[PDB]
A.B. asks: 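This is the structure I want to talk about, given as structure tokens.
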Amino acid sequence: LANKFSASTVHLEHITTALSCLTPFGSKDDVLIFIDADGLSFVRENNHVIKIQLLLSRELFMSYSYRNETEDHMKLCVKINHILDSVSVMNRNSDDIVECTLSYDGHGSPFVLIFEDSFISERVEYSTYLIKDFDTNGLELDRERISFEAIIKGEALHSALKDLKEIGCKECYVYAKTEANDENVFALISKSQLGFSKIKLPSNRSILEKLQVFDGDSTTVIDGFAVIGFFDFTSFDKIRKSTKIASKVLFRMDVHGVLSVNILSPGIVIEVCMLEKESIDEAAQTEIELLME
Amino acid sequence: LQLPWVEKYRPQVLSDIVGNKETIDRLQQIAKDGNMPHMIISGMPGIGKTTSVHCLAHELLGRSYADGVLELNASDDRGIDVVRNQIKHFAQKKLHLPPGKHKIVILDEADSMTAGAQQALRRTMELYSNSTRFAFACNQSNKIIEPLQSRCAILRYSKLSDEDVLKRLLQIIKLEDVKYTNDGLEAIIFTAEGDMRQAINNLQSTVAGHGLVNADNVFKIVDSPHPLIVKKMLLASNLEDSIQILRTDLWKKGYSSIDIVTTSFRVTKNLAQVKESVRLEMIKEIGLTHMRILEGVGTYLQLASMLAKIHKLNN
Amino acid sequence: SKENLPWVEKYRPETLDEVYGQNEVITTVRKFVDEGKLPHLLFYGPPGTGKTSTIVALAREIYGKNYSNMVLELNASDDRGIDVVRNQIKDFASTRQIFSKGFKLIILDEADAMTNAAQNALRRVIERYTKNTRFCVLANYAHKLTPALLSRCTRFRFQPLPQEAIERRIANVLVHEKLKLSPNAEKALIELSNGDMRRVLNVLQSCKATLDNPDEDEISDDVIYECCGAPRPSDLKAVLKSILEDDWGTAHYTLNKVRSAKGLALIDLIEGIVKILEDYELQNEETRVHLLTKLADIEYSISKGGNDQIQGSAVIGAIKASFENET
Amino acid sequence: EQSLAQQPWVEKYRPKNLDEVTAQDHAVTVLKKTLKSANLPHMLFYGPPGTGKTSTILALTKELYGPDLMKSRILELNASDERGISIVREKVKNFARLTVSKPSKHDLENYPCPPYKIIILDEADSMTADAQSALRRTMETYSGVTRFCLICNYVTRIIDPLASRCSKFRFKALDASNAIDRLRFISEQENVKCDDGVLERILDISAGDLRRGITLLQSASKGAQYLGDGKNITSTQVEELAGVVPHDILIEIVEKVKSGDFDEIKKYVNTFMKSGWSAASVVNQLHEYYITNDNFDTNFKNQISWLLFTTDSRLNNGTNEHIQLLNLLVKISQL
Ligand SMILES: Nc1ncnc2c1ncn2[C@@H]1O[C@H](COP(=O)(O)OP(=O)(O)OP(O)(O)=S)[C@@H](O)[C@H]1O
Ligand SMILES: Nc1ncnc2c1ncn2[C@@H]1O[C@H](COP(=O)(O)OP(=O)(O)OP(O)(O)=S)[C@@H](O)[C@H]1O
Ligand SMILES: Nc1ncnc2c1ncn2[C@@H]1O[C@H](COP(=O)(O)OP(=O)(O)OP(O)(O)=S)[C@@H](O)[C@H]1O
Ligand SMILES: [Mg+2]
Ligand SMILES: [Mg+2]
Ligand SMILES: [Mg+2]
């Protein structure tokens with residue numbers, strides 16, 4: 001096509017899955033679209049405290065063309081509600097849709113989405129908006145100061161998130177500890193109307209693939225030291241829908257109070273970065289210690 | 001970093017709170033005894049109500065403070081559902097405490113609580129008074145519904161005197177080793193208008209700007225309370241003097257006309273010298289000028305005409 | 001990009017050194033940031049004095065060029081109800097810095113437009129999270145701020161811009177442009193500014209437009225008055241002299257001629273005459289009372305429209321009747 | 001020809017380009033050179049009715065973009081639209097944040113196409129203070145891609161911050177001195193035959209409103225065409241159409257006022273209100289008669305000027321015409 005960017009696919013599941021994953025960040029707000037030869041990424045942020053980035057690589061599309069030469073990437077901003085409503089109305093006959101094509105012709109042009117059926121094609125153009133001064137790259141994990149890392153099965157984490165949601169969890173605490181004899185302890189401690197509750201992940205290489213505590217430098221492994229991260233459940237729970245489709249989840253917490261969750265479902269990949277609370281109250285610390293000891 | 005002095009020097013014990021000597025002494029008596037009843041603490045901003053309630057709770061509950069205190073303010077959810085679930089469950093909790101000690105529910109800024117929540121609080125107070133006690137903190141005691149007031153001891157905090165403010169300022173200065181002069185402390189106290197929070201903020205600002213707390217240095221940053229300027233403007237025996245005050249001290253300093261008229265109404269309400277007829281006529285003229293300002297004509301000429309009418313009435 | 005911007009925005013100060021007129025406030029805030037002891041701030045002042053510019057420049061200085069990542073700015077264009085305070089502001093103030101870069105900053109611009117309930121909810125958010133976060137509240141009308149919020153903020157007053165600062169900024173703009181301003185034009189611009197830099201910049205841009213060849217044409221007072229459509233001081237003096245000395249017919253004719261020469265509006269003539277009369281030495285004070293009351297009434301009536309000729313005749317009659325007292 | 005004759009003369013002869021706008025050169029020059037400078041600021045047009053504010057902004061928008069591009073670069077809102085605080089915070093803000101649309105090759109070839117949009121808020125004085133406050137930082141932040149144009153008759157109804165933000169353009173009243181050329185051109189286009197000074201009389205009666213003058217000219221032309229006598233329109237016909245009270249009736253009123261008898265004045269006013277004369281016109285004519293008369297003294301003129309101002313201000317508040325007129329006449333008779 002003559003457009004600067006044009007990608008067409010025959011798998012409508014990826015698009016609807018991406019919209020489903022982006023929904024928990026607000027049904028009425030902005031979404032940033034990054035386009036480059038590598039692929040197309042959707043980015044959303046909430047309250048300068050949480051961020052989600054979902055990537056769609058070239059392989060997911062049966063055709064992918066990025067003809068821009070002046071710039072190696074293109075940035076645009078759209079309204080999530082517009083896309084949601086348009087797709088919901090257009091995707092009513094999901095059995096008949098055979099092709100979906102996204103297109104963009106640079107700054108000043110709309111983001112074009114076309115659903116192509118056997119004999120009927122529906123073309124929608126979404127108006128674009130100026131991108132906010134806030135930089136998505138601002139909230140990122142310091143790769144050189146990882147406090148701890150862990151690998152978890154998607155099903156178990158999703159079930160734990162469901163349990164936390166169903167009890168009205170208000171505050172969440174991620175507890176990670178390592179000892180000798182390949183002993184690992186990863187747990188989520190919730191403060192809710194029920195009081196303090198705990199969900200412990202088994203120390204087996206079936207759900208908790210690996211856990212390591214790096215002493216805040218990503219290099220030296222230390223045993224007997226517990227890393228505790230305090231988060232508001234309002235932000236922590238936003239990864240539930242991404243975990244629903246997740247095959248594996250990688251948690252990485254740094255010393256600056258940043259938690260990164262990498263979710264793997266050729267495929268859809270998600271990265272959620274969240275900030276932790278300033279400090280943990282004495283009562284919460286005592287209750288966590290009592291629960292873990 | 002370095003905390004602002006207002007929070008850095010927040011009193012942590014009841015013995016460090018200045019002013020309201022009788023009320024603070026009674027709070028100390030309650031703390032040493034234990035039999036704390038439901039209480040309401042009312043007063044103007046920045047006089048120590050929140051600090052007093054927190055210090056009393058800490059002294060009463062000791063190490064059990066974490067499990068024996070439930071604090072809620074206007075920044076938290078405090079609707080009827082909160083009363084139905086969170087406060088009810090806290091009051092139902094069985095906590096072993098030393099004899100004469102009860103759990104404490106602190107409701108800061110209780111005035112802002114909704115009517116439904118306040119009405120719901122009646123039954124929980126009736127049912128769980130044997131193990132739980134309520135401390136309301138507010139600025140207007142009348143904004144708490146009467147059925148709740150009926151169960152509590154009232155405690156009204158008065159404005160701090162210059163002596164108490166000076167004593168606390170001297171303690172802070174000694175702790176910080178700040179160089180000052182008597183006129184500077186006088187200016188700080190005069191500009192604080194009885195608010196200790198403002199006094200501390202102004203002292204910190206002056207120290208940061210110049211270090212030495214003199215009168216001129218204080219008045220470079222801090223401004224005399226404009227209510228006093230408005231009172232002087234209203235009480236001037238000459239029309240030209242009132243106009244000169246309005247021009248030099250208020251208009252050219254950047255004070256908005258709406259603020260000037262609202263302050264004029266507030267001040268005229270409290271003029272003890274004037275007669276009732278003159279006062280009510282001045283109020284009428286101020287109201288008419290306020291109506292004109294709200295419509296968009298917020299000009300200096302309107303305020304000058306208001307002053308001319310007030311002077312005419314004084315004659 | 002900046003070239004296409006209106007001058008009021010193209011000349012927005014970037015650093016604190018570019019802010020003029022507020023020497024005391026700038027000095028104090030610069031020393032506070034130098035020691036890193038910034039308290040909760042209130043910037044109170046009239047329009048176009050540098051409040052928003054000053055706070056943005058301070059944020060830039062504190063956080064360098066990456067201030068947009070750890071500063072939460074909200075204004076009247078955003079909804080700031082009690083729910084917003086409870087959720088968004090609360091979560092921002094209760095979370096760690098991006099890279100442990102000291103404390104976070106929340107700017108509440110035009111906070112006088114916030115509701116009482118939201119301001120009440122703000123009290124404990126400000127108090128509890130003071131260690132990690134600092135608040136800045138900007139306002140033009142203090143009576144809209146609750147006493148509790150005012151008590152919590154260190155107050156700084158932005159005065160109307162002095163003449164010297166306006167002259168310096170005008171010189172900077174003239175150098176940046178290829179423009180030439182006469183001293184009389186500068187005096188007229190300062191007089192009409194009333195301490196607002198925005199008006200100065202807008203009038204300067206319009207004057208540059210008015211010039212046929214700005215590369216060599218110089219702005220004179222006549223250009224300023226043409227652009228603003230305002231009366232000249234000579235016009236005001238002539239009208240006042242005719243009112244105070246000439247008979248009714250002559251005064252009416254003089255007012256009509258002066259207004260029709262350049263299409264002057266009556267309100268500006270009244271304002272200029274009031275400025276002139278404020279300095280008059282009157283032996284009878286009752287004259288001032290009559291002048292002020294009648295002219296304020298005429299201004300209020302004009303604000304709603306009405307008959308222009310009747311209003312002008314009313315101004316003439318009011319001045320004459322008031323000055324009959326001096327007799 | 002019938003289609004071109006489907007429009008009232010005010011709409012028919014609305015200026016198409018900025019060159020057609022008359023008597024407002026002080027602002028038209030700035031707006032015109034903005035086409036080359038591409039430095040359009042936020043604007044606040046203010047002035048009395050029928051002076052050419054809406055026409056000027058429409059002509060500017062047409063000149064800047066063109067018939068096609070305009071639709072994507074203009075957002076117009078007026079008193080007929082809902083403009084609550086929520087509207088300002090959502091719709092106006094979204095448009096102000098919208099990316100600048102890409103012009104076509106034809107548009108670039110034919111029009112300057114500045115890289116920003118325009119939001120026109122006509123009758124801005126009807127908006128509430130809070131809604132106006134909601135516009136401040138929206139205008140400041142997105143000035144790189146959006147420019148605002150507020151239009152009003154009562155500038156005092158605009159909050160001070162918005163007035164400071166906007167560059168102000170006062171539109172002057174259109175009288176017989178500065179607007180006669182346009183009215184003469186309109187009369188020549190429609191082949192209106194009027195006696196010398198008729199256009200002067202229309203413009204003096206209109207009192208700064210060219211729209212009213214054009215409507216009066218159209219009414220006179222219709223009357224003359226219906227008569228079909230081929231004769232020139234007369235000033236008396238114009239005064240009759242305008243609702244001006246005949247000089248003899250005014251003389252009778254003045255004589256009654258001079259007599260001073262309350263009952264006679266009341267009876268005459270009761271009979272005079274039968275004809276349905278508008279009290280505003282009568283008050284204006286009485287002001288003209290008395291203020292310019294050389295048979296009265298200075299104190300009389302001062303007192304009558306204040307009385308006339310009070311009566312006119314009361315009438316502006318939609319008061320009851322008979323009562324106000326009778327009160328004014330009784331007061332004058334007592335001078
Ligand atoms: N009596 C006092 N003695 C010493 N410091 C005081 C006193 N009152 C206020 N302060 C100081 O100002 C700060 C605030 O005091 P508060 O107890 O919060 O006043 P407040 O009456 O509760 O204000 P409101 O009603 O919540 S606006 C304290 O941390 C102290 O540093
Ligand atoms: N002290 C100043 N020094 C230099 N320019 C100023 C100054 N104050 C205002 N300006 C100019 O006028 C423009 C507006 O300045 P602002 O800081 O936004 O004024 P403001 O006090 O915030 O107005 P309000 O209260 O929001 S109506 C700036 O872009 C500057 O170009
Ligand atoms: N300066 C003008 N030049 C030519 N025609 C004008 C002019 N002003 C008014 N008119 C005529 O009167 C009609 C109305 O002009 P407008 O631009 O609508 O005046 P206006 O100032 O917008 O009136 P308001 O403020 O909405 S009551 C135009 O279509 C023209 O026919
Ligand atoms: Mg308090
Ligand atoms: Mg501002
Ligand atoms: Mg119009």
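Atoms within a ligand are numbered from 1 in the order they appear, just like the ligands themselves. Basis for what follows: all heavy atoms, side chains included, without hydrogens, waters or symmetry-related copies. Chain naming here is simple, since letters A, B, ... match the order of the sequence lines and numbering starts at 1 in each.
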A.B. asks: Using a 3.5 Å cut-off on N or O atoms only, is C:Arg169 in polar contact with ligand 2?
C.D. replies: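 No; every N/O pair is 3.5 Å or more apart.
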A.B. asks: How far is atom 23 (O) of ligand 2 from its nearest protein heavy atom, and which residue and atom is that?
C.D. replies: C:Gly48 N, 2.9 Å
A.B. asks: Distance under 4.0 Å to a non-hydrogen atom of C:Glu127: what atoms of ligand 1 satisfy this?
C.D. replies: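 Those of ligand 1 that fall under 4.0 Å from C:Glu127 are 18 (O).
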A.B. asks: Has B:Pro11 got any heavy atom lying under 4.0 angstrom from an atom of ligand 1?
C.D. replies: yes
A.B. asks: How does B:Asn139 reach ligand 1, if at all, at less than 4.0 Å between non-hydrogen atoms: by side chain, backbone, both, or neither?
C.D. replies: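 Only the side chain of B:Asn139 comes within reach of ligand 1.
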A.B. asks: Does at least one non-hydrogen atom of B:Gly43 fall below 4.0 angstrom from an atom of ligand 1?
C.D. replies: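 Contact check B:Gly43 vs ligand 1: negative.
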A.B. asks: Centre of C:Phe103's six-membered ring, under 6.0 Å away, within 45 degrees of the axis: is that where NZ or CZ of C:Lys131 sits?
C.D. replies: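 Because its charged atom misses either the 6.0 Å distance or the 45° angle limit, C:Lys131 does not stack over C:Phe103.
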A.B. asks: Please state which option from B:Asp111, B:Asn73, B:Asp16, B:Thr51 has its nearest heavy atom closest to atom 28 (C) of ligand 1.
C.D. replies: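 Heavy atom nearest to atom 28 (C) of ligand 1 belongs to B:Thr51.
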A.B. asks: At what distance is the nearest protein heavy atom to atom 27 (S) of ligand 1, and which residue and atom is it?
C.D. replies: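 Checking every protein heavy atom, the shortest distance to atom 27 (S) of ligand 1 gives C:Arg152 NH1, 2.9 Å.
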A.B. asks: To the nearest 0.1 Å, how far is atom 17 (O) of ligand 2 from its closest protein heavy atom, and which atom is that?
C.D. replies: C:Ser53 OG, 2.7 Å
A.B. asks: Quick one about C:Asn75 and C:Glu73 (side-chain donor to acceptor, distance below 3.5 Å, no hydrogens or angles considered), yes or no?
C.D. replies: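 Note: C:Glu73 and C:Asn75 side chains meet the donor-acceptor criterion.
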A.B. asks: Which residue supplies the protein heavy atom nearest to atom 10 (N) of ligand 2, what is that atom called, and how far is it?
C.D. replies: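 That would be C:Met197 CB, 3.4 Å.
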A.B. asks: Show all protein N/O/S atoms under 2.8 Å from the Mg ion (ligand 5), or state that there are none.
C.D. replies: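 The answer, once waters are left aside, is C:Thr52 OG1.
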A.B. asks: Numbering the atoms of ligand 1 from 1, which are under 4.0 Å from a heavy atom of C:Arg123?
C.D. replies: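 Matching atoms, with element in brackets: 24 (P), 25 (O), 26 (O), 27 (S).
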A.B. asks: Could you find the nearest protein heavy atom to atom 22 (O) of ligand 2 and give me its residue, atom name and distance?
C.D. replies: C:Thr52 N, 3.1 Å
A.B. asks: Can an N or O of C:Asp109 be found at a distance shorter than 3.5 Å from an N or O of ligand 2?
C.D. replies: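 It does not: no N or O of C:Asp109 is found under 3.5 Å from an N or O of ligand 2.
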A.B. asks: Among protein heavy atoms, which lies nearest atom 25 (O) of ligand 1, and at what distance?
C.D. replies: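 The answer is B:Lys49 NZ, 2.6 Å.
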A.B. asks: Which residue from B:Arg197, B:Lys167, B:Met44 reaches closest to atom 12 (O) of ligand 1 through any of its heavy atoms?
C.D. replies: B:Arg197
A.B. asks: Give the residue and atom name of whichever protein heavy atom lies nearest to atom 30 (C) of ligand 2, and the separation in Å to one decimal.
C.D. replies: C:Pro13 CD, 3.6 Å
A.B. asks: Heavy-atom distances under 4.0 Å are what count here, so tell me which part of C:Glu9 touches ligand 2: side chain, backbone, both or neither.
C.D. replies: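 The answer is neither; C:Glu9 stays 4.0 Å or more away.
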A.B. asks: Taking atom 2 (C) of ligand 2 as the point of reference, which of C:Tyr20, C:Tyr11, C:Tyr44 owns the nearest heavy atom?
C.D. replies: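 Comparing heavy atoms across C:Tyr20, C:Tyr11, C:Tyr44, the nearest one to atom 2 (C) of ligand 2 lies in C:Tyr20.
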A.B. asks: So, for C:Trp7 and C:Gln205, which heavy atoms are closest and what is the spacing to 0.1 Å?
C.D. replies: N-OE1, 3.1 Å
A.B. asks: Is there a polar contact, in the sense of an N or O pair closer than 3.5 Å, between C:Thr54 and ligand 2?
C.D. replies: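 No; the residue has no nitrogen or oxygen that sits under 3.5 Å from a nitrogen or oxygen of the ligand.
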A.B. asks: Just to check, does B:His54 reach to within less than 4.0 Å of ligand 1 when the distance is taken from its heavy atoms?
C.D. replies: no
A.B. asks: Is there a polar contact between ligand 2 and C:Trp7, counting only N or O atoms under 3.5 Å apart?
C.D. replies: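 There is no such contact.
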A.B. asks: What is the closest protein heavy atom to atom 14 (C) of ligand 2, and at what distance does it sit?
C.D. replies: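 Protein heavy atom at minimum distance: C:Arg198 NE, 3.7 Å.
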A.B. asks: With atom 8 (N) of ligand 1 as the reference point, say which of B:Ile24, B:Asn20, B:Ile200, B:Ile47 has the nearest heavy atom.
C.D. replies: B:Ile47
A.B. asks: Which of these, B:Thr50, B:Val6, B:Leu169, has its nearest heavy atom closest to atom 31 (O) of ligand 1?
C.D. replies: B:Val6
A.B. asks: Are any of the N/O atoms on C:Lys51, whether in the backbone or the side chain, positioned under 3.5 angstrom from an N/O atom of ligand 2?
C.D. replies: yes
A.B. asks: Would you say C:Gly50 has any N or O atom under 3.5 Å from an N or O of ligand 2, going by distance alone?
C.D. replies: yes
A.B. asks: With respect to C:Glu110, determine whether any N or O atom, backbone or side chain, lies less than 3.5 Å from an N or O atom of ligand 2.
C.D. replies: no
A.B. asks: Students often mix this up, so state it plainly: with edges at 30° and 60°, are the rings of B:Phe136 and B:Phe134 parallel, tilted or perpendicular?
C.D. replies: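 Geometry flag for B:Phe134 against B:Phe136: parallel rings.
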A.B. asks: Aromatic rings C:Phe43 and C:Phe156: how do their planes relate, parallel, tilted or perpendicular, breaks at 30° and 60°?
C.D. replies: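 Judged by the thresholds at 30° and 60°, the geometry between C:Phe43 and C:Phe156 is perpendicular.
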A.B. asks: Distance under 6.0 Å and angle within 45° of the ring axis: does C:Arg157 meet both against C:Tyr44?
C.D. replies: no
A.B. asks: Is a side-chain donor-acceptor pair under 3.5 Å present for C:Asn116 with C:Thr146?
C.D. replies: no
A.B. asks: Could you check whether any heavy atom of C:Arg124 sits closer than 4.0 Å to an atom of ligand 1, since that is the contact criterion I want to use?
C.D. replies: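 In this structure, C:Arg124 fails to qualify as a contact of ligand 1 - no heavy atom is under 4.0 Å.
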A.B. asks: Who's the nearest protein heavy-atom neighbour of atom 20 (P) of ligand 1, and how far?
C.D. replies: B:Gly46 N, 3.5 Å
